[PDB]
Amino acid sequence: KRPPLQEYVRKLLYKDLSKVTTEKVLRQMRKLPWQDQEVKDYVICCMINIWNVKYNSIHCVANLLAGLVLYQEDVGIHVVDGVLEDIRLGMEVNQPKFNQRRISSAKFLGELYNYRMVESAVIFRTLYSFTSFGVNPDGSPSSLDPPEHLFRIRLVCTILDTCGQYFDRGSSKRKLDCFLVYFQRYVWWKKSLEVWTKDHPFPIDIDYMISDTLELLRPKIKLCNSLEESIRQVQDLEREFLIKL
């Protein structure tokens, strides 16, 4: 029902990449008619829609892209912009039918950093957008972050699980420490909502997910036990920045 070339590039990206070697598929893809803008626009869409790939095989797509741009420069910038675009659009529409689609995109963005396609500045800008875009600054729920919506946390942990272990030396070391403190406050904003009672406690899977990611990144750091401690940590962090010029 679909053209044969289109089905072939899909067979390479969504099937052959988790089975064979990335080089076998890379040269196969270099031989595609890249001068034809029709097929080029199609393969880019296939890579952006990485939700069709097995979650554990997504790094193969980043590895492949890192090499394919040595021969098709513009495809690299187009997929990255698309991935970052779908991460934004996913937050705006915020529909449950796109949750697995959005988790993969976040994972893909993390693997694109591991293979040096984007730099930490892009990853930290995306990390903050998860805890700030559509978020009322007073901590009140809003349309884009309703009270019982915890998907922002699952996105932050998805990215931190894939490339946060490399933010432990030099500049990126403390930029991650600074994002975490703002993330712990966002966490406690949600925990402090009235919807969480004794019979309806905070989802325990989210608590385990947060403690696990923090345990890996910073083993010696302990999540706060109150909202006041989190509001202090941010107040102390930004206060010291205001004092150091």
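When you see a residue number, it is the position in the sequence shown, counting from 1.
Stretch comparison (113-121 versus 90-98) by mean CA B-factor in the PDB entry places 113-121 on top.
Taking the mean C-alpha B-factor of each stretch as recorded, 81-89 and 163-171 are not equal, and the higher mean is that of 163-171. Sort the modelled residues of the chain by CA B factor and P147 lands in the middle third.
Per the PDB record, residue ranking by Cα B-factor puts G139 in the middle third of the chain. Among the modelled residues of its chain, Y55 has a C-alpha B-factor that falls in the middle third according to the deposited record. The PDB entry assigns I44 a C-alpha temperature factor belonging to the middle third of its chain's modelled residues.
In the deposited entry, the Cα temperature factor of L180 sits in the bottom third of values across the chain's modelled residues.
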